A.B. asks: 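Pasting a structure here, questions to come.
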Amino acid sequence: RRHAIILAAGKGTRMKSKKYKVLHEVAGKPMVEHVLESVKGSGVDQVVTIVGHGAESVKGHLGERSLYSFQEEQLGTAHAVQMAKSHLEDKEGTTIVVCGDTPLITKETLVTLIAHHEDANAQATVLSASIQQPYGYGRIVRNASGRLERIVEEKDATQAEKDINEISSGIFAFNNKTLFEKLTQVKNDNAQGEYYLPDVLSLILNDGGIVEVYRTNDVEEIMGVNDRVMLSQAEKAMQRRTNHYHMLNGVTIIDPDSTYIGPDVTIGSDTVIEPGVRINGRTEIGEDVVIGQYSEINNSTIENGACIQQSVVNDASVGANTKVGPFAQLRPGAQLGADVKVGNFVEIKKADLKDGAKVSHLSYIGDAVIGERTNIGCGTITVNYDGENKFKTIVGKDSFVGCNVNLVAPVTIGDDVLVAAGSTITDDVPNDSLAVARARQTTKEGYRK
Amino acid sequence: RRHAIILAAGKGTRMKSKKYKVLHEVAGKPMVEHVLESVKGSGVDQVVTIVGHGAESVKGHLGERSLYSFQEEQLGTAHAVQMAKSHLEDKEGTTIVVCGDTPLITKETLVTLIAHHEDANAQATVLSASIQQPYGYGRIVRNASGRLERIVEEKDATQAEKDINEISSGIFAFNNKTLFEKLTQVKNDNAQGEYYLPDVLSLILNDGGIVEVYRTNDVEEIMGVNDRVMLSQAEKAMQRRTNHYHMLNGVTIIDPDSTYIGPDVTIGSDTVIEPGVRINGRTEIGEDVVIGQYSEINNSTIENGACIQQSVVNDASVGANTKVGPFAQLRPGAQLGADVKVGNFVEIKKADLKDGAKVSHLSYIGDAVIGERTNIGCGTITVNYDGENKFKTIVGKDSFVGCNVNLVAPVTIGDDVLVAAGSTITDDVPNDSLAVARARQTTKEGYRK
Amino acid sequence: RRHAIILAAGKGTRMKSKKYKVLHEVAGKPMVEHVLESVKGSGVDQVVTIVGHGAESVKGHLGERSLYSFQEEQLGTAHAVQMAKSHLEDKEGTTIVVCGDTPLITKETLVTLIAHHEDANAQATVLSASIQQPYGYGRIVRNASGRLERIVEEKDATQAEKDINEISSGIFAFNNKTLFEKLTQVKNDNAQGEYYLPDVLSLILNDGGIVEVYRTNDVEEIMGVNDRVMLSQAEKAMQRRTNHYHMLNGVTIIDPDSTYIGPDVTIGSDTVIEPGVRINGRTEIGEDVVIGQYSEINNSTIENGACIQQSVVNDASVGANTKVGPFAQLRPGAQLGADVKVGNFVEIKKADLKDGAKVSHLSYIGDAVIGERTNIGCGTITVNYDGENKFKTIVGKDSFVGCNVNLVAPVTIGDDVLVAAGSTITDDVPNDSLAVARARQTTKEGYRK
Ligand SMILES: CC(=O)SCCNC(=O)CCNC(=O)[C@H](O)C(C)(C)COP(=O)(O)OP(=O)(O)OC[C@H]1O[C@@H](n2cnc3c(N)ncnc32)[C@H](O)[C@@H]1OP(=O)(O)O
Ligand SMILES: CC(=O)SCCNC(=O)CCNC(=O)[C@H](O)C(C)(C)COP(=O)(O)OP(=O)(O)OC[C@H]1O[C@@H](n2cnc3c(N)ncnc32)[C@H](O)[C@@H]1OP(=O)(O)O
Ligand SMILES: CC(=O)SCCNC(=O)CCNC(=O)[C@H](O)C(C)(C)COP(=O)(O)OP(=O)(O)OC[C@H]1O[C@@H](n2cnc3c(N)ncnc32)[C@H](O)[C@@H]1OP(=O)(O)O
């Protein structure tokens with residue numbers, strides 16, 4: 001009973017880009033995805049996105065979450081909305097029309113837009129907003145009942161109408177049946193040759209139908225990004241929105257102007273975020289965490305009490321009270337247990353570090369399992385790749401792998417094992433063993449007399 | 001003759017925190033510590049801090065620098081001040097009352113507050129300030145002599161009094177004897193059931209005693225932090241204060257909005273601080289230093305001419321013209337001499353690097369002494385930990401430790417020694433020696449024909 | 001036919017510096033260099049810079065691009081300009097006078113200044129600007145023809161003249177012959193004992209010569225840096241100028257307030273610059289590049305499609321679709337081909353990595369050539385320095401150098417070679433070979449029973 005049409009065919013010429021406008025990112029995700037999530041979060045079931053030539057990247061990114069309709073020619077917004085008729089023309093209920101270049105639109109406003117429309121039994125409802133400098137925008141003229149009288153564009157406005165501060169956002173809610181009926185009645189008798197969607201509204205008005213106006217108190221949210229300066233203004237607007245939310249929810253953010261937290265991040269209370277931190281994707285941070293300065297964390301889970309210092313973390317999990325960094329990298333599939341230590345200049349990839357394990361410096365752990373409380377010395381490497389395949393390394397619990405050791409996978413090191421520093425280990429090592437593979441020392445005294 | 005009562009029992013509910021409000025940090029230290037230092041710096045000898053249930057962390061952090069008095073119930077500010085009677089009731093002289101959630105309060109203003117109070121022989125003095133939007137604050141009504149007539153709260157203020165821009169800061173100076181006398185005379189005949197400290201002032205007034213008003217020209221400094229948004233505003237205020245001080249003192253700060261220098265840092269002239277740098281604790285930086293972008297330095301000494309590039313430095317000392325980084329870590333007890341080089345991906349901990357020593361890449365030096373002009377090759381490690389104890393490594397002067405060498409401590413390498421690349425060294429090496437511990441090379445030509 | 005005199009002898013006492021004022025940097029280069037480039041970019045052929053005692057650093061930095069004249073005493077701006085008479089007194093054409101402490105001056109404004117001067121056949125032209133708060137600056141009084149009547153300093157101005165918003169910038173264009181003629185006629189009959197350059201203008205006026213006024217619409221550009229707070233304001237002004245330019249030219253800048261791009265950097269469209277990035281010197285970045293957060297890039301070339309993540313890059317070249325970082329360092333002379341990978345904690349110096357080569361972690365490559373598609377294992381080192389000289393390493397194509405290998409230069413590894421992990425390689429290795437230099441493994445089962 002609720003549908004949505006997202007306009008994504010814009011060339012965005014001022015972007016000076018080879019990519020479609022709505023694919024440029026804010027807070028780590030394309031603008032069209034922000035709109036999609038606000039639309040879906042508002043209660044819309046079916047979504048159609050209008051695309052242009054060479055829109056594989058748009059369809060590729062949005063995937064199955066949207067239907068698609070192709071606009072071969074740019075003949076205006078009314079024309080673009082009509083291309084969705086294949087999917088929606090015979091549907092009943094509410095349909096909202098939004099542009100994919102308005103990434104700050106909130107689901108709250110779309111919800112209320114739809115509720116206002118439905119509770120009024122309107123044929124169409126305009127999302128409006130009040131701005132300080134209205135120059136250039138279509139002005140809402142209200143009738144005596146508070147409903148829409150007309151949208152006066154500035155090019156055809158008397159001096160009185162020009163003083164109106166309430167403007168059209170270009171976001172509308174329609175009776176779906178009416179919308180597609182009136183779309184066939186729009187003409188392009190103008191200098192651009194285009195079919196303009198607001199014309200539908202005048203058509204409903206000249207038919208005695210109800211056209212409502214709903215005004216949002218947040219004019220920032222209807223921002224339309226047309227160039228990369230505006231793109232950066234959208235980032236700053238989203239930054240302030242999100243950071244204010246987290247601070248009032250119990251997260252300390254030392255410098256919110258320099259801290260970048262995407263919209264799908266959840267952060268528990270009493271957590272401290274230091275300056276420059278960048279947290280994006282679907283990330284969950286527990287209570288009492290410290291994320292240290294200039295870290296980057298994407299699509300990860302960080303449990304309570306953990307400390308991440310100037311590190312890079314992607315698609316990883318970090319258990320309770322675990323310490324990572326400074327200058328460490330957790331790559332996809334890194335899984336650290338509780339009370340683990342991953343020190344400076346350590347890289348972890350597709351590896352499971354059990355509780356209490358310590359990898360304190362200058363090591364690489366890949367395709368590997370490190371048992372509880374095991375110590376991995378400085379300079380040690382899981383040698384996992386042979387130029388053809390990747391092979392697994394297993395280290396048991398309470399073991400001590402010395403410094404500058406190479407574990408040549410596939411290989412298994414038992415529990416309570418000591419591997420001497422400097423050893424290249426090719427053979428499995430049983431529990432409670434000493435393993436050594438290095439030359440003994442020759443000292444040539446006075447060789448340099 | 002001068003005492004202070006610091007109110008620290010606030011729950012700070014809007015903080016959404018499990019910790020006491022005054023323990024949250026600005027510029028690297030709890031707000032209550034900022035207040036303590038301003039109080040002590042103003043000439044106050046004895047300090048009492050009022051605490052609540054479970055205040056071990058407050059007492060633990062402030063230690064012996066303060067006495068403590070327990071407030072079992074939250075019955076208002078007058079009640080909280082009274083809990084200090086155990087320590088102060090029979091004392092003579094001036095007593096100032098400040099809240100632990102006002103971290104920007106300066107010692108200069110507290111000094112002048114006390115001097116104004118004493119030079120007037122007042123029984124009490126109110127710190128006031130002038131604000132643009134006075135809504136909500138108690139208004140200072142002055143009498144014909146310029147002294148205090150009454151503090152009108154907004155809830156009980158006529159339309160005239162509401163236009164007053166001068167407000168009460170809630171910071172007072174008292175004759176100590178009078179204060180504790182009048183505290184027993186305060187009632188809680190109000191809707192909150194609380195004993196309010198400003199009531200003491202009206203009591204002195206109705207007794208013919210002198211009540212002065214001292215106005216600070218800096219209304220920022222009386223800021224009371226009640227949530228984490230305000231906490232971030234306090235950080236930005238302290239940032240601007242400190243950075244302006246250093247720039248006018250001869251320090252170049254490339255981007256002061258992104259540079260974080262705590263209040264106990266001293267920086268010599270002609271030093272350059274690059275963007276993102278974070279410097280905290282008791283740190284001393286000499287003249288002609290460059291601190292490069294996104295470094296973190298805490299509780300350290302950096303001598304003249306040194307260069308620190310994107311590195312992490314804690315509890316360390318760096319001698320003149322020494323170069324550190326990019327991406328190096330100096331851990332507690334790292335001591336670098338003059339003209340030393342510590343290169344990328346090097347970690348130094350509890351180690352003494354004498355003048356001219358070079359550790360240029362991918363090395364770990366712990367619990368060790370490196371002599372003058374000695375070169376430590378890439379990938380080399382002091383193997384200091386055996387899973388039970390830590391052991392020391394000594395390297396002499398003018399020595400050359402090759403790449404990927406493991407020094408298995410305890411071990412001593414003499415002067416003018418060469419250790420061949422790839423050696424695990426277990427035995428002491430005398431002066432002017434060659435030491436080698438590695439396999440010779442086998443070449444299997446056409447093995448991969 | 002066009003000359004320039006740059007005043008660089010200022011002590012800049014408020015700088016609290018041991019260095020000359022105009023040598024302090026904005027956007028990675030001394031203020032006097034910014035002025036020089038604007039001057040040269042305006043069509044000026046001959047440049048004279050006026051210097052003081054101990055100006056070796058000024059001459060050293062600006063080199064042969066400028067002539068030099070020495071000002072022994074600070075007797076005013078007219079005196080300073082006169083010291084250029086040795087080089088210019090007998091020249092014909094236009095001469096502009098600018099200060100070396102005005103780093104935001106644009107070549108566009110200097111061009112138009114010169115064109116206005118020449119097209120008017122003026123004897124002198126004043127660069128003016130309109131400011132909101134004119135207090136303190138000399139005011140332009142225009143005559144009935146629009147030409148200059150007089151510059152009224154505030155100390156000698158009637159209440160009317162004080163309301164003028166148009167002020168003198170202190171930047172002038174002169175008929176070169178007139179300028180040096182009138183310089184001998186300036187007196188120092190004032191409280192400072194100084195010869196003031198604007199006096200030349202009154203001399204031309206009292207002779208019936210034409211004195212024009214050209215007003216720039218950008219009052220920011222005439223900013224004179226007198227202390228380090230103002231120095232930081234110049235950095236922010238240049239930051240906003242440059243970042244706006246790149247955004248409107250098709251570069252996405254995620255946080256332009258925290259992104260620092262020098263004026264000699266060129267960046268191709270569809271490139272993304274993440275927060276904290278610092279790019280300086282003569283750097284060329286191609287299209288479709290990602291520069292990741294908190295990177296530093298100086299004097300380098302980055303080709304299309306490359307990705308640089310939190311890394312330090314100096315005097316290096318990076319080929320198309322090559323990936324660098326996080327936490328890597330490219331040092332002078334690093335040359336990476338196309339589709340190369342340089343992973344975390346890798347250092348490259350004076351080394352050529354051919355197309356497809358991979359150095360993925362914890363390695364050092366110096367003075368070396370790495371052939372196409374060759375894989376350098378983790379922990380591997382080109383051992384290039386012997387404490388006396390540096391020696392070269394050659395690795396062929398399609399080779400596999402195992403982990404923790406030391407290549408002791410000079411040494412040559414052939415094509416399709418495998419070097420076993422843990423090997424110290426001292427001898428050349430022919431094509432299609434296996435090379436190994438490590439101890440075999442001893443396993444002492446139950447040694448730790
Ligand atoms: C910075 C950090 O990360 S610190 C954390 C990392 N910690 C480490 O790397 C510690 C590593 N320590 C070592 O490698 C030490 O040299 C140790 C533990 C092997 C010393 O062994 P110790 O027991 O002290 O000495 P010892 O010489 O008796 O060695 C024990 C056995 O190994 C044998 N052995 C010693 N060296 C060798 C060798 N090169 N080849 C073969 N066997 C050897 C001894 O002969 C003895 O065997 P046996 O009892 O059958 O005769
Ligand atoms: C990237 C950076 O950090 S660069 C800075 C680090 N620099 C280094 O690591 C440089 C290290 N260099 C090396 O290890 C070299 O291989 C060197 C210095 C040992 C070369 O030694 P050279 O003198 O050139 O050669 P040579 O083979 O003659 O070695 C000298 C002695 O060592 C002996 N020797 C050589 N290899 C071995 C070995 N594996 N085991 C035992 N003895 C050996 C030789 O037999 C000779 O002894 P002798 O005179 O009694 O016969
Ligand atoms: C994390 C990363 O960066 S992963 C990417 C890096 N990858 C690597 O480092 C992989 C390195 N792999 C290795 O070093 C392995 O141990 C390999 C490739 C040498 C294994 O060799 P394999 O062919 O599997 O085994 P094998 O034991 O048969 O060795 C082949 C030959 O070397 C010989 N050999 C093995 N070890 C030694 C040794 N220590 N000394 C001398 N010769 C040796 C064997 O005797 C055999 O020779 P032969 O045919 O004449 O008898």
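Residue numbering restarts at 1 for every chain, and letters A, B, ... go by the order of the sequence lines. Reckoned from all heavy atoms, side chains included, excluding hydrogens, waters and symmetry mates.
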A.B. asks: Does A/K236 come within less than 4.0 Å of C/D255, counting only side-chain N to carboxylate O?
C.D. replies: yes
A.B. asks: Would you mind checking which part of A/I381 comes under 4.5 Å of any heavy atom in chain C, side chain (CB onward), backbone (N, CA, C, O), both or neither?
C.D. replies: side chain
A.B. asks: Got a donor-acceptor contact below 3.5 angstrom from the A/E235 side chain to the C/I254 backbone?
C.D. replies: no
A.B. asks: At a heavy-atom separation under 4.5 Å, does A/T380 approach chain C through its side chain, its backbone, both, or neither?
C.D. replies: neither
A.B. asks: Quick one: what part of A/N404 sits under 4.5 Å from any heavy atom of chain C, side chain, backbone, both or neither?
C.D. replies: both
A.B. asks: Is a donor on one side and an acceptor on the other found under 3.5 Å between the side chain of C/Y294 and the backbone of A/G276?
C.D. replies: yes
A.B. asks: Side chain from CB out, backbone as N, CA, C, O: work out which of these in A/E25 comes under 4.5 Å of a heavy atom of chain C, or both, or neither.
C.D. replies: neither
A.B. asks: Aromatic rings C/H361 and A/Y364: how do their planes relate, parallel, tilted or perpendicular, breaks at 30° and 60°?
C.D. replies: tilted
A.B. asks: With a 4.5 angstrom heavy-atom cut-off, could you sort out which part of C/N249 is near chain A: side chain, backbone, both or neither?
C.D. replies: both
A.B. asks: For A/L231, which atoms come within 4.5 Å of any heavy atom of chain C: side chain, backbone, both, or neither?
C.D. replies: side chain
A.B. asks: Contact part of C/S258 toward chain A, heavy-atom cut-off under 4.5 Å: side chain, backbone, both or neither?
C.D. replies: side chain
A.B. asks: For the residue pair A/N406 and C/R438, establish whether any side-chain heavy-atom pair is separated by less than 4.5 Å.
C.D. replies: no
A.B. asks: Under the 3.5 angstrom rule, does the side chain of A/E296 hit a backbone N or O of C/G292 as a donor-acceptor pair?
C.D. replies: no
A.B. asks: Is any side-chain N of the basic residue among C/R448 and A/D415 closer than 4.0 Å to the acidic one's carboxylate O?
C.D. replies: no
A.B. asks: Can you tell which part of C/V272 gets under 4.5 Å to a heavy atom of chain A, answering side chain, backbone, both or neither?
C.D. replies: neither
